[PDB]
Amino acid sequence: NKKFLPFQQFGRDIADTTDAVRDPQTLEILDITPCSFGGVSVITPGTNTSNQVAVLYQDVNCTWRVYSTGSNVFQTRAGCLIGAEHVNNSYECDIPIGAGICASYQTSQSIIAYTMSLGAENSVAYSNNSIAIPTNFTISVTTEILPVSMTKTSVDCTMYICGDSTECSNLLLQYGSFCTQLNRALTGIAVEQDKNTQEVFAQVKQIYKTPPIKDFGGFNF
Amino acid sequence: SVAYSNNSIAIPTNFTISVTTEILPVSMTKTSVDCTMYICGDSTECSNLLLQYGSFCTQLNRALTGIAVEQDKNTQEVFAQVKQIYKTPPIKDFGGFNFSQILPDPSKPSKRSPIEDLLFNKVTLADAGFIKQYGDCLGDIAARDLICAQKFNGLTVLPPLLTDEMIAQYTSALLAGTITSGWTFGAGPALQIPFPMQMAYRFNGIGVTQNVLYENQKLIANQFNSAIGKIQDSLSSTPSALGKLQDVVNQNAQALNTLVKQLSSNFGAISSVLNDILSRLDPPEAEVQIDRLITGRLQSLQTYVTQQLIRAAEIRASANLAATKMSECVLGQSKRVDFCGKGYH
Amino acid sequence: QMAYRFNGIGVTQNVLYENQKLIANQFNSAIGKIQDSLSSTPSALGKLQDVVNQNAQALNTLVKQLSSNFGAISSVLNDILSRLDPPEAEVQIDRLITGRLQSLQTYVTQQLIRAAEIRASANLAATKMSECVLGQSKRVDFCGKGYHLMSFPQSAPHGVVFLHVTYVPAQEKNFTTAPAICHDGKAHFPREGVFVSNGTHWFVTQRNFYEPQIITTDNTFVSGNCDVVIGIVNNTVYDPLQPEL
Ligand SMILES: *[C@@H]1O[C@H](CO)[C@@H](O[C@@H]2O[C@H](CO)[C@@H](O)[C@H](O)[C@H]2NC(C)=O)[C@H](O)[C@H]1NC(C)=O
Ligand SMILES: *[C@@H]1O[C@H](CO)[C@@H](O[C@@H]2O[C@H](CO)[C@@H](O)[C@H](O)[C@H]2NC(C)=O)[C@H](O)[C@H]1NC(C)=O
Ligand SMILES: *[C@@H]1O[C@H](CO)[C@@H](O[C@@H]2O[C@H](CO)[C@@H](O)[C@H](O)[C@H]2NC(C)=O)[C@H](O)[C@H]1NC(C)=O
Ligand SMILES: *[C@@H]1O[C@H](CO)[C@@H](O[C@@H]2O[C@H](CO)[C@@H](O)[C@H](O)[C@H]2NC(C)=O)[C@H](O)[C@H]1NC(C)=O
Ligand SMILES: *[C@@H]1O[C@H](CO)[C@@H](O[C@@H]2O[C@H](CO)[C@@H](O)[C@H](O)[C@H]2NC(C)=O)[C@H](O)[C@H]1NC(C)=O
Ligand SMILES: *[C@@H]1O[C@H](CO)[C@@H](O)[C@H](O)[C@H]1NC(C)=O
Ligand SMILES: *[C@@H]1O[C@H](CO)[C@@H](O)[C@H](O)[C@H]1NC(C)=O
Ligand SMILES: *[C@@H]1O[C@H](CO)[C@@H](O)[C@H](O)[C@H]1NC(C)=O
């Protein structure tokens, strides 16, 4: 629908690519559009488990620009899923697809697709004069795992870039400060790792020793 | 100026029940990048030259995949704290306290609360969905759609794992659990208690005897209801209330559009157009110019991924703060000053 | 000490002293199950393993990126220097130098971002050490699921493991409750607990463990008359002084 001025032959977009052209024989304006379009994801279990896959076409509404069509075609809000059988049950999420849809390899085995379950349904018996009070208790022990430090690294720039080459080293002498800056950043990281470990573990400065008699009223450590 | 004296004390004779809002970003948009489409779009010569670089987009896509997984992890950590979808009772008699502006509305298909409906209307996303077909980008060339330009240059937006309906379900479960059981469902089984008795427990928590609550129950319920209504009025009136969430959306859109606009950079080559270079030059000088363009566009992608990583670190800090606030202000009563609003929580 | 922590989570210490053997057995059994759980699952130490794997992958990616030509005729310094004189060679060497310097800069930038994330994790771990190991925390879910009693640290490669010991209520029972009790034209409120009824008789118990007691004047306090409290229930409040007279 573009109307070119008579001195114009090509049209360009914001990315400076030619998206419109005037045909030189019949002086009509033609839009130019790239052929390739649309995100593609592949869904697999382990290759040690099976070689079956499911392919998600993120910009295809199957209700085609697909590689192949199988017996199982399921349309999600994350795209058109091909190769997975849709079931009506809700499970926990195994392989996340997106928009509330997950995938799994279940039982004569195939890839299934389902809506993820958020949890078990519950209803509290609320009343304006009723209370629930526990009669017992459970002593529970749970684990929490937190990273504290990572590995400290150092880099020889001349060894990495110009390994045992004098001509390369002499040409690399024109940069210098960039490698000093990289090693400054890595040295800061390396000092920070030991600081992290000290701040987590060296809180108390008295090395307390446990008593030799381990009678703690029945509690055992 | 405080009227200090060595034998004078000031003691309040009344109180106001105040409700205030705190808005925290939790997740940002998940993106994926095709290097071959962005740098060498439908050019086989450029693709064969980009094979010599190769692993840098594997590194970039590893970083972007880590960000995209972290966004769903952030949303799960904030909202899926309890794996028990509690339901509100059908009889909404809570001693005069009314939660209709925060409880789900069954007359809507989204099953959102009125306040949540106002918030979802007041944050404008950059897309009405996540499926933009090739046909409607081909048939709407004259509109010059920014999403169509991004997707033709290999930039796609991945949908979140949890939909807004599932997030509203988690929020409704947390609200129902709080209203019916106090802080007990965040520590074990949900133990029911009448809501005035629960409010008396909170009053004892902030150091006020519970007879104050029981003797001013109607006034306290009226103050709570009025403050909840004023929250709706203030959010619907102020246009810059959801500025943090809108800034997250705008920053992601601006970064993708900057990536699209940077394809016009010559980077020291004779042209920024691969087809214009390949139409005029033989493969040697074409290789020189295309290598310049490849280095420049790879630098643009690396800059985008680095800034996305820094923004994702900031968003992860905000999501950790939101998860901590959910645990310590929704699932319990907090003694920490100003952690859960101004005043005694 | 564990009775002090029970007092911290709002349970009277006689509950602990009367169930000490059961509490010690439950604690020993849970600590014993921790070892079995960690040995049974293989993805327990996934965070520490991902830290190690990410650092190894970054170094190996740096090693593999030396095969990139970066627009030069070869990625091999010796192959360039064997075929070309120094002026023609210097262009290719400069291309390789720019590309490899970019690779090192990318590695250092990603290491800085990862170090910021690890620093946030270590600050959280130090806070958890101070607030869960060196004290008893009132913050919900900061030191495990349930009402926090105490925590124990354990050293791990590139990290720390906390064993949070919590109190989880169990075996709840329905009761009829009331906000206040009217005895002599006065409203009576519980000092520390909650009024409950088993169907016929009214008691007062602590809120986190069922221990019913006779509603006395020592158990309650008086505020006002019986006309303002919604849901006040008629029952007798036993004064212990008057039987002694
Ligand atoms: C895929 O295409 C179908 C068919 O056009 C879309 O379904 C329509 O959706 C609109 C909007 O909700 C409804 O008004 C129509 O009644 C629907 N038609 C049918 C036949 O179902 C569907 O929404 C598209 N999917 C996506 C993700 O956009
Ligand atoms: C409170 O719970 C504990 C453990 O959950 C109960 O102790 C168990 O009691 C049964 C029946 O007497 C025994 O077979 C188990 O061996 C006991 N387990 C332990 C670890 O001691 C206890 O009976 C419960 N008490 C009440 C009043 O319900
Ligand atoms: C404590 O404050 C409340 C609210 O500010 C007061 O309630 C108001 O009282 C006036 C005068 O009787 C009424 O006109 C208003 O309608 C009341 N507001 C509400 C929300 O009920 C209350 O009187 C104050 N009490 C004391 C002892 O000062
Ligand atoms: C509620 O509790 C009261 C007091 O514990 C119970 O009354 C006692 O019941 C036992 C067994 O029937 C008798 O031996 C006592 O003499 C009763 N004491 C009094 C003061 O009456 C009562 O049975 C309980 N009711 C229910 C339904 O459990
Ligand atoms: C609680 O006890 C009081 C006192 O016995 C009851 O008040 C009596 O109510 C009746 C009926 O209205 C009157 O005829 C009496 O004169 C009242 N007596 C006094 C001293 O006020 C009250 O009704 C009882 N409440 C319940 C719920 O049983
Ligand atoms: C070019 O020639 C064709 C016939 O081959 C004719 O139809 C067309 O109009 C011509 N275009 C001009 C003269 O611009
Ligand atoms: C309390 O009563 C309700 C019914 O009103 C019931 O659903 C619930 O299981 C009861 N709680 C118990 C027995 O702990
Ligand atoms: C509880 O609800 C019942 C049923 O409507 C009512 O008769 C009673 O007065 C209510 N009690 C309180 C304290 O609200």
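Residue numbering for chain A follows Swiss-Prot, covering 556-618, 633-676, 689-802 in order.
So this one's electron microscopy, 1.9 Å, going by the header.
Just so you know, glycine gets a Cβ as well, placed from its N, Cα and C.
Per Swiss-Prot, the feature N-linked glycosylation site maps to A:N603 (among others). A:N603 (N-linked glycosylation site) carries neither a helix nor a strand DSSP state and counts as coil. Within the same chain, no residue at least 6 positions away in sequence has its Cβ under 8 Å from that of A:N603 (N-linked glycosylation site).
If you look up Swiss-Prot, you'll see A:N616 (among others) marked as N-linked glycosylation site. Of all the Cβ atoms in the protein chains shown, 14 others lie within 10 Å of the Cβ of A:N616 (N-linked glycosylation site). In three-state terms derived from DSSP, A:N616 (N-linked glycosylation site) belongs to neither a helical nor a strand segment and is classed as coil.
Marked as disulfide bond by Swiss-Prot: A:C617-A:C649 (among others). The secondary structure of A:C649 (disulfide bond), as reduced to three states from DSSP, is extended strand.
Positions annotated as N-linked glycosylation site by Swiss-Prot: A:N657 (among others). Following the DSSP three-state reduction, the secondary structure of A:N657 (N-linked glycosylation site) is coil.
Under 8 Å, Cβ to Cβ, and six or more positions away along its own chain, A:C671 (disulfide bond) finds A:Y660, A:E661, A:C662, A:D663, A:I664, A:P665, A:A694, A:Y695, A:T696, A:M697. Annotated disulfide bond per Swiss-Prot: A:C662-A:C671 (among others), in sequence order.
Taken from Swiss-Prot, the feature O-linked glycosylation site applies to A:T676, supported by experimental evidence. Spatially close to A:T676 (O-linked glycosylation site) yet at least six residues away along the chain are A:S689, A:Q690, judged by Cβ distances under 8 angstroms.
Here Swiss-Prot flags A:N709 (among others) as N-linked glycosylation site, drawing on experimental evidence. The Cβ of A:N709 (N-linked glycosylation site) lies under 8 Å from the Cβ of no residue that is in the same chain and 6 or more residues away along the sequence.
Note on A:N717 (N-linked glycosylation site): other Cβ atoms within 10 Å of its Cβ, all shown chains, come to 14. Look at Swiss-Prot and you will find A:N717 (among others) tagged as N-linked glycosylation site.
Per Swiss-Prot, the feature disulfide bond maps to A:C738-A:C760 (among others); the stated evidence is experimental evidence. Reduced to three states, the DSSP call for A:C760 (disulfide bond) is helix.
Here Swiss-Prot flags A:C743-A:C749 (among others) as disulfide bond, drawing on experimental evidence. Annotation note: A:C743 (disulfide bond) sits in a coil segment as assigned by DSSP.
The secondary structure of A:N801 (N-linked glycosylation site), as reduced to three states from DSSP, is coil rather than helix or strand. According to Swiss-Prot, the feature N-linked glycosylation site maps to A:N801 (among others).
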Structural state of A:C749 (disulfide bond), classified by DSSP into three states:
helix
Can you tell me which recorded positions out of A:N616, A:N657, A:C738, A:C760 are within 10 A of A:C649 (disulfide bond) by Cα, answering none if there aren't any?
A:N616
Rounded to the nearest angstrom, how far is the Cα of A:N657 (N-linked glycosylation site) from the Cα of A:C749 (disulfide bond)?
65
Work through the disulfide-bonded residues one by one (A:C617, A:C662, A:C749) and point out the residue whose CB has the fewest other CB atoms within 10 angstroms.
A:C617
How many Å separate the Cα atoms of A:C743 (disulfide bond) and A:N657 (N-linked glycosylation site)?
61
Can you give me the same-chain residues 6 or more apart in sequence from A:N801 (N-linked glycosylation site) with a CB-CB distance under 8 Å?
A:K795
Let's check the environment of A:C743 (disulfide bond): how many other CB atoms sit within 10 Å of its CB?
21
Neighbour count first, Cβ atoms within 10 Å, every protein chain included; then name which of A:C649, A:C738, A:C760 tops the list of disulfide-bonded residues.
A:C649
Measure from each Cβ of the recorded positions A:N603, A:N616, A:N709, A:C760 to the Cβ atoms of chain B, and list in sequence order the residues where some distance is under 8 Å, or 'none'.
A:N616, A:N709
